[PDB]
>>> print(open('start-v3.pdb').read())   # PDB, C-alpha atoms
ATOM      1  CA  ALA A   2     -18.315 157.830 183.157  1.00  0.00           C
ATOM      2  CA  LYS A   3     -18.775 156.624 186.718  1.00  0.00           C
ATOM      3  CA  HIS A   4     -15.395 157.905 187.914  1.00  0.00           C
ATOM      4  CA  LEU A   5     -14.521 161.268 189.416  1.00  0.00           C
ATOM      5  CA  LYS A   6     -13.699 164.003 186.919  1.00  0.00           C
ATOM      6  CA  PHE A   7     -10.687 166.312 186.626  1.00  0.00           C
ATOM      7  CA  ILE A   8      -8.276 163.696 187.998  1.00  0.00           C
ATOM      8  CA  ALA A   9      -7.442 161.497 185.009  1.00  0.00           C
ATOM      9  CA  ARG A  10      -5.286 163.034 182.269  1.00  0.00           C
ATOM     10  CA  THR A  11      -5.374 166.448 183.966  1.00  0.00           C
ATOM     11  CA  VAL A  12      -2.443 168.880 183.961  1.00  0.00           C
ATOM     12  CA  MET A  13      -2.416 172.256 185.707  1.00  0.00           C
ATOM     13  CA  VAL A  14      -1.167 175.361 183.909  1.00  0.00           C
ATOM     14  CA  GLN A  15       1.813 177.232 185.373  1.00  0.00           C
ATOM     15  CA  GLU A  16       2.177 181.004 184.969  1.00  0.00           C
ATOM     16  CA  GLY A  17      -0.266 180.952 182.068  1.00  0.00           C
ATOM     17  CA  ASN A  18       2.103 178.781 180.007  1.00  0.00           C
ATOM     18  CA  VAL A  19      -0.519 176.737 178.182  1.00  0.00           C
ATOM     19  CA  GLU A  20       1.904 175.531 175.497  1.00  0.00           C
ATOM     20  CA  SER A  21       4.054 173.782 178.105  1.00  0.00           C
ATOM     21  CA  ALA A  22       0.965 172.382 179.836  1.00  0.00           C
ATOM     22  CA  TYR A  23      -0.327 170.960 176.553  1.00  0.00           C
ATOM     23  CA  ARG A  24       3.086 169.479 175.746  1.00  0.00           C
ATOM     24  CA  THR A  25       3.224 167.864 179.190  1.00  0.00           C
ATOM     25  CA  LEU A  26      -0.235 166.351 178.699  1.00  0.00           C
ATOM     26  CA  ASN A  27       0.715 165.142 175.219  1.00  0.00           C
ATOM     27  CA  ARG A  28       3.904 163.600 176.617  1.00  0.00           C
ATOM     28  CA  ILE A  29       1.927 161.813 179.338  1.00  0.00           C
ATOM     29  CA  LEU A  30      -0.579 160.364 176.873  1.00  0.00           C
ATOM     30  CA  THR A  31       2.239 159.299 174.542  1.00  0.00           C
ATOM     31  CA  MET A  32       4.268 157.498 177.213  1.00  0.00           C
ATOM     32  CA  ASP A  33       1.168 155.706 178.514  1.00  0.00           C
ATOM     33  CA  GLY A  34       0.383 154.564 174.964  1.00  0.00           C
ATOM     34  CA  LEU A  35      -2.932 156.394 174.612  1.00  0.00           C
ATOM     35  CA  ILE A  36      -2.106 158.597 171.611  1.00  0.00           C
ATOM     36  CA  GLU A  37      -0.960 155.598 169.571  1.00  0.00           C
ATOM     37  CA  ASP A  38      -3.852 153.525 170.931  1.00  0.00           C
ATOM     38  CA  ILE A  39      -6.487 156.040 169.822  1.00  0.00           C
ATOM     39  CA  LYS A  40      -4.950 156.081 166.343  1.00  0.00           C
ATOM     40  CA  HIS A  41      -4.855 152.292 165.944  1.00  0.00           C
ATOM     41  CA  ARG A  42      -8.495 152.176 167.100  1.00  0.00           C
ATOM     42  CA  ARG A  43      -9.873 154.382 164.312  1.00  0.00           C
ATOM     43  CA  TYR A  44     -10.053 151.358 161.984  1.00  0.00           C
ATOM     44  CA  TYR A  45     -10.251 147.668 162.818  1.00  0.00           C
ATOM     45  CA  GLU A  46      -6.938 145.819 162.748  1.00  0.00           C
ATOM     46  CA  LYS A  47      -7.512 142.195 161.839  1.00  0.00           C
ATOM     47  CA  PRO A  48      -6.234 139.807 164.547  1.00  0.00           C
ATOM     48  CA  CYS A  49      -3.713 138.169 162.211  1.00  0.00           C
ATOM     49  CA  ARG A  50      -2.373 141.636 161.366  1.00  0.00           C
ATOM     50  CA  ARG A  51      -2.155 142.722 165.006  1.00  0.00           C
ATOM     51  CA  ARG A  52      -0.105 139.649 165.928  1.00  0.00           C
ATOM     52  CA  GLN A  53       2.219 140.287 162.980  1.00  0.00           C
ATOM     53  CA  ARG A  54       2.859 143.894 164.010  1.00  0.00           C
ATOM     54  CA  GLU A  55       3.128 143.103 167.726  1.00  0.00           C
ATOM     55  CA  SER A  56       5.724 140.462 166.840  1.00  0.00           C
ATOM     56  CA  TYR A  57       7.637 142.760 164.487  1.00  0.00           C
ATOM     57  CA  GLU A  58       7.717 145.547 167.078  1.00  0.00           C
ATOM     58  CA  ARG A  59       8.864 143.169 169.823  1.00  0.00           C
ATOM     59  CA  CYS A  60      11.717 141.936 167.622  1.00  0.00           C
ATOM     60  CA  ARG A  61      12.793 145.392 166.453  1.00  0.00           C
ATOM     61  CA  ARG A  62      13.098 146.505 170.079  1.00  0.00           C
ATOM     62  CA  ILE A  63      15.201 143.458 170.965  1.00  0.00           C
ATOM     63  CA  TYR A  64      17.365 144.038 167.894  1.00  0.00           C
ATOM     64  CA  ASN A  65      17.794 147.762 168.551  1.00  0.00           C
ATOM     65  CA  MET A  66      18.581 147.223 172.235  1.00  0.00           C
ATOM     66  CA  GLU A  67      21.132 144.564 171.282  1.00  0.00           C
ATOM     67  CA  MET A  68      22.729 146.801 168.644  1.00  0.00           C
ATOM     68  CA  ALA A  69      23.001 149.697 171.097  1.00  0.00           C
ATOM     69  CA  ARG A  70      24.620 147.414 173.672  1.00  0.00           C
ATOM     70  CA  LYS A  71      27.178 146.288 171.087  1.00  0.00           C
ATOM     71  CA  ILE A  72      28.038 149.843 170.034  1.00  0.00           C
ATOM     72  CA  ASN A  73      28.431 151.008 173.634  1.00  0.00           C
ATOM     73  CA  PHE A  74      30.696 148.049 174.399  1.00  0.00           C
ATOM     74  CA  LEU A  75      32.912 148.592 171.339  1.00  0.00           C
ATOM     75  CA  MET A  76      33.116 152.373 171.840  1.00  0.00           C
ATOM     76  CA  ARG A  77      35.396 152.010 174.871  1.00  0.00           C
ATOM     77  CA  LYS A  78      38.354 151.726 172.479  1.00  0.00           C
ATOM     78  CA  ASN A  79      37.470 154.938 170.601  1.00  0.00           C
ATOM     79  CA  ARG A  80      40.342 156.663 172.427  1.00  0.00           C
ATOM     80  CA  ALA A  81      43.325 158.050 170.535  1.00  0.00           C
ATOM     81  CA  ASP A  82      45.872 155.674 169.035  1.00  0.00           C
ATOM     82  CA  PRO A  83      48.335 154.623 171.786  1.00  0.00           C
ATOM     83  CA  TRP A  84      50.869 153.030 169.405  1.00  0.00           C
ATOM     84  CA  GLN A  85      50.815 155.502 166.527  1.00  0.00           C
ATOM     85  CA  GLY A  86      53.561 154.694 164.048  1.00  0.00           C
ATOM     86  CA  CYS A  87      53.328 150.924 164.586  1.00  0.00           C
TER
ATOM     87  CA  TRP B 199      57.019 168.701 153.584  1.00  0.00           C
ATOM     88  CA  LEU B 200      58.459 166.602 150.789  1.00  0.00           C
ATOM     89  CA  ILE B 201      55.929 165.300 148.282  1.00  0.00           C
ATOM     90  CA  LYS B 202      55.050 161.623 148.006  1.00  0.00           C
ATOM     91  CA  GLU B 203      57.141 161.308 144.840  1.00  0.00           C
ATOM     92  CA  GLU B 204      60.122 162.785 146.700  1.00  0.00           C
ATOM     93  CA  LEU B 205      59.699 160.286 149.528  1.00  0.00           C
ATOM     94  CA  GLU B 206      59.353 157.508 146.940  1.00  0.00           C
ATOM     95  CA  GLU B 207      62.845 158.475 145.705  1.00  0.00           C
ATOM     96  CA  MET B 208      64.587 158.884 149.057  1.00  0.00           C
ATOM     97  CA  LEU B 209      63.357 155.379 149.914  1.00  0.00           C
ATOM     98  CA  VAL B 210      63.558 153.996 146.359  1.00  0.00           C
ATOM     99  CA  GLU B 211      60.221 152.239 146.881  1.00  0.00           C
ATOM    100  CA  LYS B 212      56.628 152.630 145.770  1.00  0.00           C
ATOM    101  CA  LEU B 213      54.289 154.079 148.379  1.00  0.00           C
ATOM    102  CA  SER B 214      50.553 154.291 148.835  1.00  0.00           C
ATOM    103  CA  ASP B 215      48.834 157.571 149.599  1.00  0.00           C
ATOM    104  CA  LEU B 216      47.969 156.407 153.117  1.00  0.00           C
ATOM    105  CA  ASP B 217      51.568 155.277 153.635  1.00  0.00           C
ATOM    106  CA  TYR B 218      52.722 158.832 152.927  1.00  0.00           C
ATOM    107  CA  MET B 219      50.162 160.333 155.312  1.00  0.00           C
ATOM    108  CA  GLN B 220      51.118 158.029 158.185  1.00  0.00           C
ATOM    109  CA  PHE B 221      54.765 159.033 157.814  1.00  0.00           C
ATOM    110  CA  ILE B 222      53.888 162.738 157.822  1.00  0.00           C
ATOM    111  CA  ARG B 223      51.548 162.362 160.796  1.00  0.00           C
ATOM    112  CA  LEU B 224      54.480 160.734 162.595  1.00  0.00           C
ATOM    113  CA  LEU B 225      56.893 163.570 161.789  1.00  0.00           C
ATOM    114  CA  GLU B 226      54.433 166.227 162.952  1.00  0.00           C
ATOM    115  CA  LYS B 227      54.109 164.250 166.191  1.00  0.00           C
ATOM    116  CA  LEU B 228      57.908 164.558 166.470  1.00  0.00           C
ATOM    117  CA  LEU B 229      58.060 168.346 166.092  1.00  0.00           C
ATOM    118  CA  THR B 230      55.466 168.941 168.819  1.00  0.00           C
ATOM    119  CA  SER B 231      57.834 167.141 171.203  1.00  0.00           C
ATOM    120  CA  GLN B 232      60.969 168.688 172.723  1.00  0.00           C
ATOM    121  CA  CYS B 233      63.122 167.434 169.873  1.00  0.00           C
ATOM    122  CA  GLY B 234      66.843 168.085 170.221  1.00  0.00           C
ATOM    123  CA  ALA B 235      69.491 168.751 167.609  1.00  0.00           C
ATOM    124  CA  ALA B 236      69.792 165.079 166.651  1.00  0.00           C
ATOM    125  CA  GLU B 237      66.006 164.931 166.224  1.00  0.00           C
ATOM    126  CA  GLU B 238      66.114 168.151 164.157  1.00  0.00           C
ATOM    127  CA  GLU B 239      68.633 167.231 161.460  1.00  0.00           C
ATOM    128  CA  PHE B 240      66.470 164.171 160.793  1.00  0.00           C
ATOM    129  CA  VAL B 241      63.201 166.055 160.288  1.00  0.00           C
ATOM    130  CA  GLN B 242      64.870 168.564 157.962  1.00  0.00           C
ATOM    131  CA  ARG B 243      65.839 165.685 155.659  1.00  0.00           C
ATOM    132  CA  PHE B 244      62.109 165.493 154.846  1.00  0.00           C
ATOM    133  CA  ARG B 245      61.445 169.254 154.793  1.00  0.00           C
ATOM    134  CA  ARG B 246      62.015 170.714 151.341  1.00  0.00           C
ATOM    135  CA  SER B 247      62.961 174.340 150.766  1.00  0.00           C
ATOM    136  CA  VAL B 248      59.688 175.642 149.361  1.00  0.00           C
ATOM    137  CA  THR B 249      60.214 178.060 146.476  1.00  0.00           C
ATOM    138  CA  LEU B 250      59.334 180.946 148.767  1.00  0.00           C
ATOM    139  CA  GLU B 251      60.676 183.641 146.484  1.00  0.00           C
ATOM    140  CA  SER B 252      58.919 186.663 147.901  1.00  0.00           C
ATOM    141  CA  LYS B 253      56.027 188.305 146.101  1.00  0.00           C
ATOM    142  CA  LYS B 254      57.867 191.568 146.779  1.00  0.00           C
ATOM    143  CA  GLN B 255      58.069 193.614 143.596  1.00  0.00           C
ATOM    144  CA  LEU B 256      61.496 194.159 142.071  1.00  0.00           C
ATOM    145  CA  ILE B 257      62.428 197.847 141.977  1.00  0.00           C
ATOM    146  CA  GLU B 258      63.979 199.270 138.830  1.00  0.00           C
ATOM    147  CA  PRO B 259      67.238 201.207 139.253  1.00  0.00           C
ATOM    148  CA  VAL B 260      67.073 204.992 139.369  1.00  0.00           C
ATOM    149  CA  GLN B 261      69.019 206.389 136.418  1.00  0.00           C
ATOM    150  CA  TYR B 262      70.153 209.917 135.596  1.00  0.00           C
ATOM    151  CA  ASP B 263      69.986 211.674 132.237  1.00  0.00           C
ATOM    152  CA  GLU B 264      72.411 214.191 130.734  1.00  0.00           C
TER
END
>>> encode(input="start-v3.pdb", output="structure tokens")
Amino acid sequence: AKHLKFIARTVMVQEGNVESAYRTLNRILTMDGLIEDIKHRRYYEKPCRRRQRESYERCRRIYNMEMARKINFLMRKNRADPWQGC
Amino acid sequence: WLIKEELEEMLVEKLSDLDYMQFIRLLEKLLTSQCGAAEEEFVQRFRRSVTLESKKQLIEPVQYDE
């Protein structure tokens, strides 16, 4: 309200490509967490429920990052069989 | 290639399906190489003469009347 306008969340259109400008803006708001924050703010999440989800999300990220690391590590040996026939 | 039941008789043993495949995959890997005469008599022991009787039609003889 008290800030300058046309600086925050503002994307310029290139060569009249408004679809790409809108997608860029949508990607910015998504990465910064705004799109998902507006949605969660439509109805009140009860504090006990917010902690449960924030803890589930935190643990799914740790589990997915750890499962990706394991697959990458064990994919080094995906090469062809060096001792075929034995 | 010889069938699994024909390999199971050359060897006189019972074989799995995957056992048969591994042996065939190993023979194919041997043809792609520069196999010599000694390595060619061996592979032919496991190549059967497929009943490739041609689909070519048999022609009747041309006869002559009186």
>>> resolve_selection(input="start-v3.pdb", expression="the PyMOL selection byres ((chain B) within 8 of (chain A))", output="ChimeraX atom specification")
/B:220-221,224
>>> resolve_selection(input="start-v3.pdb", expression="the PyMOL selection byres ((chain A and resi 10-14) around 12)", output="ChimeraX atom specification")
/A:5-9,15-31,33,35-36
>>> write_last_selection(input="start-v3.pdb", atoms="C-alpha atoms", output="CSV table (one decimal), in the coordinates of the input")
chain,number,residue,atom,x,y,z
A,5,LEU,CA,-14.5,161.3,189.4
A,6,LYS,CA,-13.7,164.0,186.9
A,7,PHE,CA,-10.7,166.3,186.6
A,8,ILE,CA,-8.3,163.7,188.0
A,9,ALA,CA,-7.4,161.5,185.0
A,15,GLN,CA,1.8,177.2,185.4
A,16,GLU,CA,2.2,181.0,185.0
A,17,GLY,CA,-0.3,181.0,182.1
A,18,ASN,CA,2.1,178.8,180.0
A,19,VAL,CA,-0.5,176.7,178.2
A,20,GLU,CA,1.9,175.5,175.5
A,21,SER,CA,4.1,173.8,178.1
A,22,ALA,CA,1.0,172.4,179.8
A,23,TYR,CA,-0.3,171.0,176.6
A,24,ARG,CA,3.1,169.5,175.7
A,25,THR,CA,3.2,167.9,179.2
A,26,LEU,CA,-0.2,166.4,178.7
A,27,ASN,CA,0.7,165.1,175.2
A,28,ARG,CA,3.9,163.6,176.6
A,29,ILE,CA,1.9,161.8,179.3
A,30,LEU,CA,-0.6,160.4,176.9
A,31,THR,CA,2.2,159.3,174.5
A,33,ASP,CA,1.2,155.7,178.5
A,35,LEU,CA,-2.9,156.4,174.6
A,36,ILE,CA,-2.1,158.6,171.6
>>> residues_around(input="start-v3.pdb", residues="residue 201 in chain B", least_positions_apart="4", cutoff="10 Å", atoms="all atoms listed in the file", output="number ranges by chain")
B: 205-206, 218, 244-246
>>> atom_distance(input="start-v3.pdb", atom1="CA of residue 54 in chain A", atom2="CA of residue 41 in chain A")
11.6 Å
>>> residues_near_point(input="start-v3.pdb", point="(51.7, 158.7, 147.3)", cutoff="10 Å", atoms="all atoms listed in the file", output="list in words")
residues 201, 202, 203, 204, 205, 206, 212, 213, 214, 215, 216, 217, 218 and 219 of chain B
>>> atom_distance(input="start-v3.pdb", atom1="CA of residue 226 in chain B", atom2="CA of residue 208 in chain B")
18.7 Å
>>> atom_distance(input="start-v3.pdb", atom1="CA of residue 241 in chain B", atom2="CA of residue 229 in chain B")
8.1 Å
